[PDB]
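Visitor: Dumping the structure here so I can ask a few things about it.
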Amino acid sequence: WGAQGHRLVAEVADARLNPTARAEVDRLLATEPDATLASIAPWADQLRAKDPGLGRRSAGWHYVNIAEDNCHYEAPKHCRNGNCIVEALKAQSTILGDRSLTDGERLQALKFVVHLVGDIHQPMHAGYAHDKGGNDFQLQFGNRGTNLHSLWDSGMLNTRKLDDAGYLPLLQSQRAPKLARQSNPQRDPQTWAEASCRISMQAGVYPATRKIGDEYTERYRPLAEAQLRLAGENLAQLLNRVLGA
Ligand SMILES: [Zn+2]
Ligand SMILES: [Zn+2]
Ligand SMILES: [Zn+2]
């Protein structure tokens, strides 16, 4: 997602934390002046942008391209050296839960968990390796040149013309998604990546033309918005497992 998608995932999650995970999240956030679950949600993208070390080391952690293998994940093939979102989210979930670590270490792991639960629910972050998750599929959206990756990260969300305070209750108005009956932080990432991959491969998500507009938005923006709600609810369920147990 773009920044707004990441914030909205965190805002949906923040309201669903159990009292224990509430207190532990607040304790870790207070070690960074003015940090909220929403405000840190885009951080992993700004790091990858600007940081010559962790930014370069974590750039592959935002995605996993499994569409050519029909959305069947294999860690050795699709996540060499743990360099994809499935293994990165598993490892950062373990680090975040490790109460023997410093507040600094666990807050950084929280920033990755908040961001990556967002990104693992963005269909184009689990798509084709060969076109870089739709980045190479250039297309005209209304009168504006963009690409299929950007369309799903922010282009369709931007058409609502809502700030976070307007967009949040819209997402909360949806019927509740069915989650796993129990969080398994080591197994659920593969499930989520595969599900996001299957959406990238659904009929029409890759359009038959390179000029699209209102028809595409009206069909697929509701799916993007369902994915933000699902991501937010899965993030709360994970944080309640890792920090609220
Ligand atoms: Zn993102
Ligand atoms: Zn993206
Ligand atoms: Zn990202």
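Cβ placement follows ideal geometry from the backbone for every residue including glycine, while neighbour counts extend to all protein chains displayed. FYI, it's all coordinate maths here, none of it is from the lab.
Visitor: Evaluate the distance, in nm, between pseudo-label points positioned 7 Å from the Cα of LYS161 and of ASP34 along their respective Cα→Cβ axes.
Guide: Between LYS161 and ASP34, the simple spin-label model gives 2.9 nm.
Visitor: Kirkwood hydrodynamic radius, computed over distinct alpha-carbon pairs, for segment 105-192: how many Å, to one decimal?
Guide: Over segment 105-192, the inverse of the mean reciprocal pair distance is 15.7 Å.
Visitor: Comparing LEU96, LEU110, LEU139, which has the greatest mean-square fluctuation in the GNM of the chain with Cα pairs linked when under 10 Å apart?
Guide: Per the Cα network of the chain with a 10 Å cutoff, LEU139 tops the list.
Visitor: Now for a separate question. Hey, quick one: spin label on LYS211, modelled 7 Å out along Cα-Cβ, who in segment 111-149 has an amide N within reach, i.e. under 20 Å?
Guide: Zone members listed by number: 137-148.
Visitor: Give me the log10 of I(q) over I(0) for segment 42-108 at q = 0.22, 0.23 Å⁻¹, as the Debye formula computes it from C-alpha points; what are the numbers?
Guide: Ignoring solvent entirely, the Cα scatterers give -1.00, -1.04.
Visitor: Could you list log10 I(q)/I(0) for segment 27-158 at q = 0.20 Å⁻¹, which the Debye formula gives when each Cα is one point scatterer?
Guide: Results for segment 27-158 at q = 0.20 Å⁻¹ read -1.22.
Visitor: Report D for segment 3-243 in µm² per second (integer): Stokes-Einstein, Kirkwood Rh on Cα pairs, 10 °C, 1.306 mPa s.
Guide: Estimated diffusion coefficient is 88 µm²/s.
Visitor: Here's a follow-up. Expressed as an acute angle from 0 to 90° and rounded to the nearest 10, what is the orientation of the C-alpha long axis of helix 3-14 relative to the principal long axis of the chain?
Guide: Taking Cα atoms only, the helix is inclined about 50 degrees.
Visitor: To test your reading of the geometry: what angle, between 0 and 90 degrees and rounded to tens, separates the Cα axis of helix 188-200 from the longest principal axis of the chain?
Guide: Between the helix axis and the principal axis of the chain, the angle is about 10 degrees.
Visitor: Also: Just to confirm the filter: which trypsin sites (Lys or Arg not before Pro) across segment 144-228 are DSSP coil and have at most 13 other Cβ within 10 angstrom of their Cβ?
Guide: Answer in residue order: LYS161, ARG175, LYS178, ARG181, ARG187, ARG210.
Visitor: Between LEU179 and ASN18, take the C-beta separation as r, use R0 = 22 Å, and let me know the FRET efficiency to the nearest 0.05.
Guide: Rounded to the nearest 0.05, the efficiency is 0.95.
Visitor: Oh, and also: Treating the angle as unsigned and between 0 and 90°, give the value, to the nearest 10°, between the Cα long axis of helix 214-243 and the longest Cα principal axis of the chain.
Guide: Taking Cα atoms only, the helix is inclined about 10 degrees.
Visitor: Suppose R0 equals 25 Å; then what is the FRET efficiency for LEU170 and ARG219 from their Cβ-Cβ distance, rounded to the nearest 0.05? Present the calculation step by step, with values, prior to reporting the outcome.
Guide: Values: r = 17 Å, r/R0 = 0.70.
Approximately 0.90, to the nearest 0.05.
Visitor: Starting from the Kirkwood radius over alpha-carbon pairs of segment 170-245, derive D by Stokes-Einstein at 10 °C in a medium of 1.306 mPa s and give it in µm² s⁻¹.
Guide: This corresponds to a translational diffusion coefficient of 111 µm²/s.
Visitor: Same structure, new question: Contour minus end-to-end for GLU68 and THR191, with contour as 0.36 nm per residue of separation and end-to-end as the Cα-Cα distance?
Guide: 42.6 nm
Visitor: With the chain treated as a Gaussian network of Cα nodes joined by springs under 10 Å, which of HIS115, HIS130, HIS62 yields the largest mean-square fluctuation?
Guide: So, out of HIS115, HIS130, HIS62, the one fluctuating most is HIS130.
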